[PDB]
Amino acid sequence: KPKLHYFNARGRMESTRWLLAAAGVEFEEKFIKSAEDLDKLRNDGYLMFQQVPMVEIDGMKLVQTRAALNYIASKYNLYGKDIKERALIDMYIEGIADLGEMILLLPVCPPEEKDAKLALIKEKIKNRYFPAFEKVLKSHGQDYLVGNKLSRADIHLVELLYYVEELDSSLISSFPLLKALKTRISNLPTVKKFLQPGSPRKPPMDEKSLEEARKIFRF
Amino acid sequence: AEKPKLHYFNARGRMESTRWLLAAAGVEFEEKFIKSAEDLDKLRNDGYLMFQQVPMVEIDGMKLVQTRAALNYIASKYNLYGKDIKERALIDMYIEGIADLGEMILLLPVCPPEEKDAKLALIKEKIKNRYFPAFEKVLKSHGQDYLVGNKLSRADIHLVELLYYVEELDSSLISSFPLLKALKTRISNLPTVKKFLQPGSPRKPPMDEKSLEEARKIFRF
Ligand SMILES: CCCCCCSC[C@H](NC(=O)CC[C@H]([NH3+])C(=O)O)C(=O)NCC(=O)O
Ligand SMILES: CCCCCCSC[C@H](NC(=O)CC[C@H]([NH3+])C(=O)O)C(=O)NCC(=O)O
């Protein structure tokens with residue numbers, strides 16, 4: 001089983017949980033609880049840049065979110081059929097990571113900047129990101145973003161649509177193709193299982209979880 | 001068919017690593033320099049930019065926005081992305097650390113002036129204690145001239161571009177890392193990289209206040 005090293009929170013590990021579960025791959029997590037837990041990994045030389053996420057997979061200790069995502073994606077045939085398809089995939093999911101990063105760090109945003117940061121995020125969802133991905137689906141009329149077959153791009157976009165719904169459920173309302181994609185992807189047997197109660201899917205970060213973050217990661 | 005065409009302002013910014021990679025692969029490219037917010041809006045109105053931003057690289061009939069999307073395509077196309085998926089994973093792990101450090105150094109100029117000195121000091125601490133030792137450890141683990149697969153890869157190129165920027169920041173930082181210095185020298189001596197480092201190539205200067213002001217105006221920040 002791949003083994004995911006992170007704390008018990010979404011943070012930078014959640015896109016990897018979604019991808020493994022989507023690919024039908026059982027994984028184990030080793031939850032970090034304290035700074036001491038983190039220091040153990042560093043001391044044991046598990047972490048190339050002293051940071052998590054780290055995924056143990058196939059005798060590698062893969063730190064850096066994208067390094068394990070790319071490797072999981074190629075291994076399980078979710079990175080398209082050739083390097084041109086991979087280029088479209090990487091362009092789509094990097095815009096996804098961009099929006100994703102804004103939402104991810106919103107909890108950590110200095111309190112006097114939170115209002116403006118939220119407003120910006122909602123503005124970009126509506127005017128920049130959602131229109132870009134609706135354009136894609138409209139262009140080809142197909143069920144999947146790339147190559148008319150399931151890829152990473154679909155899973156990462158659907159994960160983002162959940163986080164967008166938690167922010168403001170109206171934001172997707174003018175984007176019918178994005179809504180239909182969320183439904184279709186959420187009904188694929190693996191994703192459906194991941195979305196059910198009691199899965200390893202993680203909740204939004206609350207105040208307690210955030211305080212655990214500051215103690216583990218020393219910030 | 002056609003040369004790749006790089007769409008960016010006339011500065012390092014987020015395009016310089018791609019400039020580095022293409023010239024290392026021995027690939028001739030054209031640049032189209034955005035000079036104004038009006039230039040950028042024409043790209044947008046024209047439909048050239050998926051998320052209304054640059055870098056954009058026109059290659060092999062695609063208009064690739066997102067730095068990593070064109071870099072990954074270029075690395076794979078010219079056999080600078082390892083020989084298999086496990087090599088690509090060591091490569092990606094390495095270059096993402098490079099990218100995290102590169103980002104810190106890139107955005108340095110846009111820091112509030114009362115934050116600048118502590119940020120500079122954090123950056124230099126991370127170089128000495130986090131990043132340089134990690135890459136020195138890699139070279140020493142195998143003793144080979146390249147980071148991955150004993151064959152030139154994009155990881156050597158991105159790392160050595162990054163060595164050049166740390167040298168501009170503080171030339172002593174690298175001084176306790178002999179294998180990194182050796183790498184810089186060997187990679188700089190590859191025919192293609194040597195030509196790129198010579199006067200008059202596409203290689204871009206450090207960004208001055210004048211260029212940052214052009215950035216503020218063009219990208220509206
Ligand atoms: C809601 C915020 C989520 C929790 C904190 C951020 S993730 C933990 C942090 N890890 C990273 O920043 C890794 C970044 C790296 N670019 C990646 O994508 O893996 C860390 O180990 N920090 C310890 C350190 O840098 O020393
Ligand atoms: C210290 C100053 C450094 C200047 C760097 C700005 S790069 C220009 C900026 N582009 C991006 O942020 C693209 C980010 C994307 N993640 C990528 O890697 O390509 C842009 O088009 N912005 C316009 C927009 O987002 O509307």
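Excluded from the calculations below are hydrogen atoms, water molecules and symmetry mates; all remaining heavy atoms, backbone and side chain alike, are included. In what follows, every chain begins at residue 1, and chains take the letters A, B, ... in the order their sequences are listed. Numbering of ligands and ligand atoms starts at 1, following listing order.
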Open item on the list: Any nitrogen or oxygen of A:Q50 lying under 3.5 Å from a nitrogen or oxygen in ligand 1? Just yes or no.
Closed with: no
Task: Heavy-atom closest contact (B:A23 atom, B:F196 atom, distance) - done: CB-CD1, 3.4 Å
TODO: Considering heavy atoms of the protein only, find what lies nearest to atom 18 (O) of ligand 2 and give residue, atom and distance to 0.1 Å.
DONE: B:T67 OG1, 2.8 Å
Open item on the list: Please compare B:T18, B:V110, B:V65, B:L49 and report which has the shortest non-hydrogen distance to atom 2 (C) of ligand 2.
Closed with: B:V110
Open item on the list: Tell me whether the NZ or CZ atom of B:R19 lies within the 45° cone about the ring axis of B:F29 and under 6.0 Å from its centre.
Closed with: no
TODO: Report the nearest protein non-hydrogen atom to atom 17 (C) of ligand 1: residue, atom name, distance rounded to 0.1 Å.
DONE: A:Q64 OE1, 3.2 Å
Open item on the list: Out of B:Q53, A:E101, B:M56, who is nearest to atom 12 (O) of ligand 2 when you count heavy atoms only?
Closed with: B:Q53
Open item on the list: Determine whether a donor-acceptor pair (N or O, by modelled atom type, separation under 3.5 Å) exists between the side chain of A:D44 and the backbone of A:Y46.
Closed with: no
Task: Shortest protein heavy-atom distance from atom 20 (C) of ligand 2, along with the residue and atom involved - done: B:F219 CD2, 3.6 Å
TODO: Report yes or no: does B:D156 contribute a side-chain atom to a donor-acceptor pair with the main-chain N or O of B:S153 at less than 3.5 Å?
DONE: yes
Task: Test of proximity, B:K126 against ligand 1: N or O pairs below 3.5 Å - done: no
Task: Identity and separation of the nearest protein heavy atom to atom 3 (C) of ligand 2 - done: B:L107 CD2, 4.5 Å
Open item on the list: For atom 10 (N) of ligand 2, what's the nearest protein heavy-atom neighbour? Residue, atom name and distance, please.
Closed with: B:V54 O, 2.6 Å
TODO: Find out whether B:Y8 and B:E31 are in side-chain contact, i.e. whether some heavy atom of one side chain is under 4.5 Å from a heavy atom of the other.
DONE: no
Task: Atoms in ligand 2 with a heavy atom of B:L106 nearer than 4.0 Å - done: 1 (C)
Open item on the list: Suppose I only count heavy atoms of A:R42 and a 4.0 Å limit; which atoms of ligand 1 are within that range?
Closed with: 23 (C), 24 (C), 26 (O)
Open item on the list: I'd like to know whether the aromatic ring centres of A:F49 and B:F135 sit less than 6.0 Å apart in this structure.
Closed with: yes
Open item on the list: Checking the side chain of B:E16 only, and the main-chain atoms of B:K204 only, is there a donor and an acceptor separated by less than 3.5 Å?
Closed with: yes
Task: Quiz item: cation-pi between B:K184 and B:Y164, 6.0 Å / 45° - done: yes
Open item on the list: Under 4.0 Å from a heavy atom of B:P55: which atoms of ligand 2 are those, numbered in the order shown and with their elements?
Closed with: 19 (O)
Task: Result of checking A:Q64, A:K75, A:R152, A:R86 against A:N70 for side-chain hydrogen bond (donor to acceptor under 3.5 Å, both in side chains) - done: A:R152
TODO: Please confirm whether A:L38 comes within less than 3.5 Å of ligand 1 when only nitrogen or oxygen atoms on both sides are compared.
DONE: no
TODO: Would you mind running through ligand 1 and noting each atom that sits below 4.0 Å from a heavy atom of A:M205?
DONE: 1 (C)
- [ ] Considering heavy atoms of the protein only, find what lies nearest to atom 4 (C) of ligand 2 and give residue, atom and distance to 0.1 Å.
- [x] B:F221 CZ, 4.4 Å
Task: Pick from A:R128, B:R220, A:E94: the one approaching atom 24 (C) of ligand 2 most closely through a non-hydrogen atom - done: A:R128
Task: Enumerated ligand 1 atoms positioned under 4.0 Å from heavy atoms of A:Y6 - done: 3 (C), 4 (C), 7 (S)
- [ ] Please check if any side-chain donor atom of A:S174 sits under 3.5 Å from a side-chain acceptor atom of A:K126, or the reverse.
- [x] yes
TODO: Could you tell me whether B:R14 and B:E103 make a salt bridge, using a distance below 4.0 angstrom between a side-chain N and a carboxylate O?
DONE: yes
Open item on the list: List ligand 2 atoms under 4.0 Å from A:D98, heavy atoms only on the residue side.
Closed with: 14 (C), 15 (C), 16 (N)
